[PDB]
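Throughout, a chain's letter reflects where its sequence line sits, starting with A, and its residues are numbered from 1. What's counted below: heavy atoms across the whole structure, side chains too, no hydrogens, waters or symmetry copies.
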There are 2 protein chains.
Amino acid sequence: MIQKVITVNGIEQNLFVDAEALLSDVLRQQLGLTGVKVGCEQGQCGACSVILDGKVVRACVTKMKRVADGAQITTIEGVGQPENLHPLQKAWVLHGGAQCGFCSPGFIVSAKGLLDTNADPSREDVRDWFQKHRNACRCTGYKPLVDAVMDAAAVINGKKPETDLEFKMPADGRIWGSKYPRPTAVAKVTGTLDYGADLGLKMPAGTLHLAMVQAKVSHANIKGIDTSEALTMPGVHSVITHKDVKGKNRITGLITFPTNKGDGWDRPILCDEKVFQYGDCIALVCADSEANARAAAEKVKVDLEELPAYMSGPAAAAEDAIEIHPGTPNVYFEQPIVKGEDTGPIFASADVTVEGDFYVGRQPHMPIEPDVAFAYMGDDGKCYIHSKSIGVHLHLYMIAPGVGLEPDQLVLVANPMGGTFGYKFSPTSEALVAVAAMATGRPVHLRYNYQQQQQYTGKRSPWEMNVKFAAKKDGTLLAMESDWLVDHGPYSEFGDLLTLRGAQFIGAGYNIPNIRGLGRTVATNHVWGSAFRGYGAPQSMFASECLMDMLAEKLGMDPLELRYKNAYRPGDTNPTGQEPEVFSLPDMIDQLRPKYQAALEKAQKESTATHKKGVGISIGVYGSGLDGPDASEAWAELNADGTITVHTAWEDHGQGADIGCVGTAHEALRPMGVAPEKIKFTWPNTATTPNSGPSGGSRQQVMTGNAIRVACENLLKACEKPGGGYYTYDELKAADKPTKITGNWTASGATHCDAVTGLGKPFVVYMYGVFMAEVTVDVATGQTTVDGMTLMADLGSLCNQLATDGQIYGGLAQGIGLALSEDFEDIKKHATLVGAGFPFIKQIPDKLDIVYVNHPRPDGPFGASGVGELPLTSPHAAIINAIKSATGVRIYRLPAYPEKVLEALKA
Amino acid sequence: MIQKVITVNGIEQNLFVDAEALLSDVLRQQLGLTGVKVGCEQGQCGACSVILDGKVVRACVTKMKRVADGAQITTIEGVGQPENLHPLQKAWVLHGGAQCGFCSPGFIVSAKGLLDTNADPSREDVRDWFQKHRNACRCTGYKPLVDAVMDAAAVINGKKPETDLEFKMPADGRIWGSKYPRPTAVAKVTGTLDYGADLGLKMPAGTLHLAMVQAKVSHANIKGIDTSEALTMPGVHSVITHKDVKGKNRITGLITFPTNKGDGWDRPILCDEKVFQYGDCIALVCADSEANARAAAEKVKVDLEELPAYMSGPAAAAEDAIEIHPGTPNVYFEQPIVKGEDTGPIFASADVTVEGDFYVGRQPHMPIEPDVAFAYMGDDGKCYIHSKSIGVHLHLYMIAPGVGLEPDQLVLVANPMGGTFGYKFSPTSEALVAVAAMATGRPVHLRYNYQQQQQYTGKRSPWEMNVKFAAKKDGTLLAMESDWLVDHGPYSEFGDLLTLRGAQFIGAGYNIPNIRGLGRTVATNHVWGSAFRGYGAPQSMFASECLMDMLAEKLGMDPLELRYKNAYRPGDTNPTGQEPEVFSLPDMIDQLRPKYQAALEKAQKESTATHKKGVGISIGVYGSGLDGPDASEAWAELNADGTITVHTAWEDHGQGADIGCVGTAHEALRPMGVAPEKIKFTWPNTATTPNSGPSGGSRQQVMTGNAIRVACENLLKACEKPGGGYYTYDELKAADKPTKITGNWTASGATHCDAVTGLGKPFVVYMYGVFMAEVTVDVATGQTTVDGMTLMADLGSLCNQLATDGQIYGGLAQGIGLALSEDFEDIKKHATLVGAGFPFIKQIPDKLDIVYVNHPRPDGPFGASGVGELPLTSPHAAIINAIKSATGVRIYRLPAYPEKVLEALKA
Ligand code: PCD
Ligand code: PCD
Ligand SMILES: O=C(O)CCc1ccccc1
Ligand SMILES: O=C(O)CCc1ccccc1
Ligand code: FES
Ligand code: FES
Ligand code: FES
Ligand code: FES
Ligand SMILES: [Cl-]
Ligand SMILES: [Cl-]
Ligand SMILES: [Cl-]
Ligand SMILES: [Cl-]
Ligand SMILES: [Mg+2]
Ligand SMILES: [Mg+2]
Ligand SMILES: [Mg+2]
Ligand SMILES: [Mg+2]
Ligand SMILES: [Mg+2]
Ligand SMILES: [Mg+2]
Ligand SMILES: [Mg+2]
Ligand SMILES: [Mg+2]
């Protein structure tokens, strides 16, 4: 051990450390500076950036031996605090740079280091700095972050007053549609919002820390577990196995379709008889620390009989493949789509037909924060779980039978969380921590490392697709055929539903009167499927939007004009036979057209012999809602102090549940003149908030926003005075009148898609958009650079523009990754950010352009649709279409790795 | 477990707690708010004061079940931080209220609660508030704290500007003699100075926490130790016993006198053969937490054979008493005093003689911070100990042979510490933590609780005394006889030296030409003796100053005038035959006289039938130095940045080592124009600071102040330019000239007292003072209230008046405790602050008056003497003399408990 006397955030610290200890651990654990966020633990994400003697360093890869006596360290806590915010912090708030907020401390500290060395950076200097310092963000697409740095720099430089970093209320006092900052932003930019790992450090000494004993093969029969050596190791309390599970030891898929061949009870909590994928949790070590638990987990010996593993859909779907779940066929679900007339004769007589085989793979969500959860037995006898769940009520019912609790004896709560992008539509750690809390009686905390985040959370499910179009010479679509095979890994939850998305979204955007297709879901031993932002549309619309460009090419037609010819107009129906609710695609195309023509001309002018430029288009469509007559509930409560609490379970991945609640409620409460800062939101909790439903399907703004609107309307009625005006809280309580008022809303017009035909009215609101990608391909290397992305977006009406702009930039950035670099195919190689192709800032162009073309929705609150998934529906199709424009090469199977593009260029 | 969402220091906290957990633990451990200080753990000291929903509560006795959802908590961290100080914090700094600083957070938080309820308190309101909230201070005597509150209130009230709470540099730029604030004050008032328990919370996860397995009888032969059950308990690493000690397993007294009958090697590190007092450490449990170590220590079984214990000096000194240390007589040392002619014939022919039997007991130091230390093996192979040692070099040599290390393989460092008042002149925990670090190889931390602080740290040693005077009718002293028996408990360190103090200080102040006396030191089984501020003078001068009043009464003379007749004047010698160095007692008496006469008149006027007022006087004298030719060393270094570091081992109990260094160096550096904020001090460290010696014997200002002066003079010479002016650092390094310059100083005129006669010149500087106490006795109850204390003090020259005023107020307050309430006699009953008679604020009058009558010392730096022990030399004699004035009752045996006074009143 060594004494080191240094200065941390301006205060001398008399530190006692191991010279080998990591600075991140010292700062977080020894000094309580949980504003230093740790994600990857491998120097790749920047979340743990600190200033050490004027240099920005990653604390997770800086050992204390590198910190000299007398060193100066700055963490986010030393940059500024609430009510003493630094210009960078104020600018982050103003520009909406904290979505999940997990990266915000690191970017802000890194940015302070930049500005301390270069006071007046260009935007490119900012981008170069964040690239060099590895500052990674999965939510924002980086542009808002650069905007904030530039604004802060101008203030620090004396070029504008610091008061200009403070939001200015609009003339009219309307926050709906504005750039009002989100309530959580101050806590995020100051490092004072505690995420699950932070909470773990702040839990009491009795708390047990868990480590998973995981399968290191993809498929096996388990013969036994030997915990004997582990129990002798430092700090070990016990080891938990399936024998300690008090219920069924299975998670239920809950809404398994009747025509699914499986019962939906396939997924274990703790493996008993089999390993179904690499990473499956077989046991939990409970210890006094994460480090001691992990060391002991390495010593638990699992005796198993390895089985041949099926590592892709086609392999598992073979007629003679062995059933992974004995008694259920590996191909466990099929969804037909049968619209209009038989397609065979139409293809035979059509002027033009095209066909393609396409693939979209196992995209990894890659939030900067790896999965984390904790649980405890309450003094009320209930088991409480605090996790990254984005569907607390849903998950309660998915896990309760398996853990052995009645629903009223379990409570799920959503912690502040550092992004999910859908992986938290699935249970991950909740049942594990519940079982351990119940078995031990003690609080328990489980933190995944980044390799566990990659290997042992769910993934976008790969689809192998064949799609065909028949059309007239003038470009009018006549018919479509489709076939898709969904590799869902071993656990069925929502896999049938995902397969149904292909019936809904392959070919969406256009009038297609005649469709015949079939989706199939197959169990494999690769990673199980969890929703990933877009949930079936990125697969579906990659196929159809690429195929539209192939049709245009075969016709000799411009691909934007082919889309214009076919885009939904009054009278048309979508693939499930439903009329669109608004008709904004022609408007968006007409507004994009001159920008597209200008981009084509620029691409021609700026292309060189080696660097070929191209422009690509695609359309995106997705529902806002869960299928059928989805619903939500909110409670609007006048508090004694005159504030209003709007109680919901709107789960915040980081997208903005806080501001969505406040903005929607503000607009609904306008007759009573309620200031936005007087409106409070509630963190999701199954015991104390209503069942607003999950934050999936781009649904909360529509469903929960309508419920909030209704609840607030009902609170206004409850407050209205005879003669005009409104009663105060004191007046209402004196009259023994209610102050907490419910509202509900249901998408009553919607119907589930039919099991035989696929037809129905599954959503009452959709999101519509048109993408344009501008790219450069180096034809010597195959490397593609995305130089610009544009989204024409119809969101109906904006609740909050900082929120929606940020949603769109983040989705576009994920689309660049999906197109060019990302996958989870290689269990080890793809288990790091860099290994799996995470998009760092230079991969994302600074030119991300949005044009809102909003057509108010009949059923949306104040006309709003959702936004969350729209920007990932098909940006990757536009990008691949742009590579084709540039070079003549079509990549059919994502991602467009440089060697893959090269091979195609040279063929 | 329960979730509680509350606000702490203005920031929402999502807390996860046990409802039974203490708020102090939650705040310190879970949230890292080590500004919440914990001393007593029993609700008696206020150090842990926090504001909870507008009320000041003691966090150590507040369980989390009492903290509601939505509660608001404020700790010192929420009051203000460095560079954002609250008016209360600024006022504390300005008024010198942070001495050790351990109580400062709690007083400041408590004071904020006061001012939030009563914006314009009277001084009495302030005192009532601190009494009610149990805010305890052992350093300051409370008056500076009240001063600070009143000043802060005036600023908060708009009656004076906040800038007036900032120190104003004197016209001349001289900080010597000024009220310049001490360097450590900001850290203390903000809770950002880490004391040993704070450091323990900030040590890494590898750290083992220790608990002592202690004797629960006073005297025994040990037969065996059974650790088997303890080793099975949660979190236990090992148990350490004497078998793990690598050296002699004994502490050496190091300077044991040749005529001591014992070898000075009597004290074990870990008991092997015997228990010598209740509390002796027999084993150390090492565990993952203090709580788990303590729980397991309760299960270690010690097999012993209890022996009859000698619980007082007279009992142990009996001719037939059994030797506690077999082979050494219990009476192990005697010191004669033989000055002038035989006293028997002089007593026989004297006009007047008086005699008395007096007792001063086992005063407990009662710092607010209980003892704490830690140790580790460095990467350099040395063992490092960080403790409350106030003599790091001394303790290194006292413990090294016992722990089995050569001196260069051990390093002792003084942590910031919450007071000692002398108990840390002894080793307490240093050898224990070293043995555990060496045995385990791991960092180890040991925190005593308050009962262990009381039972198992050393004490003022009781003296049983008989003193006699012979005098002329005119009051001239002719002769003195003296006999004293010192109960030193079982461990000999410095017990012979303490006994020698009686030869030096019984009768000090007056010319006494003929003295015959004998002191004896006896081992007992009550608590071992450790220095307590005054070290022999409180005992000695209680006897002689009470006896002077008895002589005055027998002569019918005024007691101030009797002192005036006899006080040292040129030509006189002190008891050891040495001439005083200055002669300030007549001056001080002449300046006190009219105040004394006025106080007598007030006492007569304001007395009532039931409440009798009186006034008492005493003189105090003590040396500044260790006996003989004491010495110190300092290094003055010009740093590259133009600051100057003055390297010393001046150990800071809280008295002001920091400001003593800075002020002394500033004065010495004046020719070079060095600003005080450019002067740095060093925390004591045996490896990297010079052997300046211990902070005992009121010596550092004289010895180390002279060494600092010399070092700085030598640095000036090293910097002087040819032609005038001074070279800069850069100029010196360019010339390859030295920048770090040594200075030494020795008290060359001093000689050790003779073993046969007691005569010698033991100190070259003494401190001189005259006390006046004003008291009221309720003759129905025997309760005494001290209404005022005055000290006339000759300190030569003041280095810093905030420091010296505070020293005097604190010593006067300890004198009130010694006189009226304090003891450590009953092992259990006296093991709490309240049980042992700690003086809370109402016991200490607001009227504490100082008059400096400074006579520059020939050998002191800039004329200074020490101050530390002067105010405790005899205030308790003045108080008992005042009770006698009031009531006619003399209390001979301290303390003057109410029942004791009543019995005397009624006899
Ligand atoms: N018009 C409009 C719309 C919307 N908004 C906004 O925006 C947001 C969003 O919304 P939405 O769309 O409704 O959604 P939500 O439901 O809330 O959420 C969810 C989503 O969200 C997204 N985004 C995001 N972001 C972030 N940051 N992070 C994340 O993680 C995430 N995730 C993702 C996903 S995947 Mo799934 O689960 O697969 O199905 S679906 C999803 C919010 O804040 C709201 O309020 C506005 O403002 N306006
Ligand atoms: N003239 C003069 C003198 C002095 N000063 C200051 O005052 C202080 C003190 O000093 P001194 O006297 O020199 O002393 P020191 O050595 O430093 O110290 C020690 C002491 O100190 C005291 N005080 C105190 N305070 C407090 N707060 N706390 C404590 O704990 C204490 N302790 C106590 C004791 S006990 Mo022995 O150890 O028994 O012998 S001794 C003693 C310092 O700060 C200094 O600087 C000045 O200013 N001036
Ligand atoms: O409706 C449910 O209960 C879950 C529906 C769902 C699950 C995963 C992605 C989209 C919709
Ligand atoms: O001189 C030493 O080595 C210790 C001298 C001492 C010890 C305890 C109190 C006063 C002086
Ligand atoms: S770079 Fe340190 S946690 Fe990712
Ligand atoms: S805001 Fe950057 S990772 Fe979420
Ligand atoms: S009153 Fe709480 S530590 Fe003393
Ligand atoms: S300053 Fe109050 S206890 Fe030391
Ligand atoms: Cl391909
Ligand atoms: Cl490649
Ligand atoms: Cl008595
Ligand atoms: Cl009593
Ligand atoms: Mg500022
Ligand atoms: Mg038509
Ligand atoms: Mg590959
Ligand atoms: Mg190749
Ligand atoms: Mg202020
Ligand atoms: Mg004379
Ligand atoms: Mg008694
Ligand atoms: Mg009695």
Side-chain angles (χ1 to χ4, degrees), chain B residues 141 143 508-510 534 537-538 541-542 544-553 557-567 584-607 612-622 767-777 784-795 804-805 807-820 839 843-854 867 870-887 890-891 896:
Chain B
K143 181 180 169 177
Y510 313 108
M541 303 199 74
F542 180 73
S544 55
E545 291 297 307
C546 290
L547 191 68
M548 282 297 279
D549 274 36
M550 294 162 67
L551 177 56
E553 174 184 19
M557 190 172 313
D558 174 81
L560 187 65
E561 299 313 329
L562 176 66
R563 291 177 172 79
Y564 192 71
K565 174 71 170 173
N566 286 287
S584 54
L585 291 163
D587 190 10
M588 286 189 280
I589 294 167
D590 282 328
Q591 292 184 40
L592 180 62
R593 184 182 291 103
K595 296 186 178 165
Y596 169 67
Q597 285 297 328
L600 288 173
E601 299 191 50
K602 181 181 158 161
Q604 284 188 71
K605 284 175 207 177
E606 300 189 2
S607 289
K612 296 196 168 174
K613 295 192 187 311
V615 186
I617 298 296
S618 62
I619 281 172
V621 184
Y622 205 60
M767 304 173 293
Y768 302 93
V770 190
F771 297 84
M772 182 174 72
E774 294 172 78
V775 308
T776 305
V777 183
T784 302
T785 301
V786 180
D787 305 306
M789 297 292 284
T790 301
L791 180 60
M792 314 299 290
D794 172 8
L795 307 186
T804 61
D805 285 350
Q807 287 297 102
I808 289 167
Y809 299 149
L812 293 174
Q814 288 177 313
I816 293 167
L818 184 58
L820 301 185
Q843 188 176 161
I844 307 308
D846 196 40
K847 164 156 121 116
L848 300 173
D849 291 340
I850 303 168
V851 183
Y852 294 111
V853 184
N854 289 338
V867 66
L870 179 62
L872 194 44
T873 51
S874 73
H876 47 296
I879 293 163
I880 267 59
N881 286 340
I883 293 170
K884 172 66 180 188
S885 165
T887 67
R890 180 158 294 283
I891 299 304

Inset, instruction - Return the minimal non-hydrogen interatomic distance between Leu848(B) and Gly141(B), and the atom names on each side. - result: CD1-O, 3.7 Å

Inset, instruction - Determine whether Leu592(B) and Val851(B) make a side-chain contact, defined as any pair of heavy atoms from C-beta on separated by less than 4.5 Å. - result: no

Legend entry - Rounded distance [0.5 Å steps], OH in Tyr768(B) versus CG in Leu870(B): 11.0 Å

Legend entry - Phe542(B): partners by ring-ring contact (aromatic ring centres under 6.0 Å, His included), with sequence neighbours left out: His876(B)

Do any side-chain atoms of residues 615-622 of chain B form donor-acceptor pairs under 3.5 angstrom with protein atoms, and if so which ones, sequence neighbours left out?
{"residue": "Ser618(B)", "atom": "OG", "partner": "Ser874(B)", "partner atom": "O", "Å": "3.0"}
{"residue": "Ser618(B)", "atom": "OG", "partner": "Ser874(B)", "partner atom": "OG", "Å": "2.9"}
{"residue": "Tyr622(B)", "atom": "OH", "partner": "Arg501(B)", "partner atom": "NE", "Å": "3.0"}
{"residue": "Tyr622(B)", "atom": "OH", "partner": "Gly534(B)", "partner atom": "O", "Å": "3.3"}
{"residue": "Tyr622(B)", "atom": "OH", "partner": "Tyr535(B)", "partner atom": "O", "Å": "2.7"}

Legend entry - Worked check of side chain to side chain contact (heavy atoms under 4.5 Å, CB included) between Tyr809(B) and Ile844(B): CA-CA 9 Å; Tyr809(B) 299 149; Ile844(B) 307 308; over 6 Å; no

Legend entry - Within-4.5 Å side-chain heavy-atom neighbours: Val770(B) and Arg563(B): no

Inset, instruction - Only pairs at least two apart or in different chains count here, so list each salt bridge (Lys or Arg N to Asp or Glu O under 4.0 Å) that has a residue in residues 584-594 of chain B. - result: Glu561(B)-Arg593(B), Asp590(B)-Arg593(B)

Legend entry - salt bridge (charged side-chain N to carboxylate O under 4.0 Å, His left out) partners of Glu606(B), counting only residues at least two apart: none

Legend entry - Results of side-chain contact (heavy atoms from CB on, under 4.5 Å) for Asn854(B) - residues two or more places apart only: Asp794(B), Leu795(B), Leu798(B), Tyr852(B)

Legend entry - Shortest non-hydrogen contact between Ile880(B) and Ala896(B), atoms and distance: CD1-CB, 4.4 Å

Inset, instruction - Taking all heavy atoms of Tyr510(B) and all of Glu545(B), pick out the closest pair and write down the distance. - result: OH-OE2, 2.7 Å

Inset, instruction - Could you pull out all residues at least two apart from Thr776(B) that satisfy side-chain contact (heavy atoms from CB on, under 4.5 Å)? - result: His611(B), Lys613(B), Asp787(B)

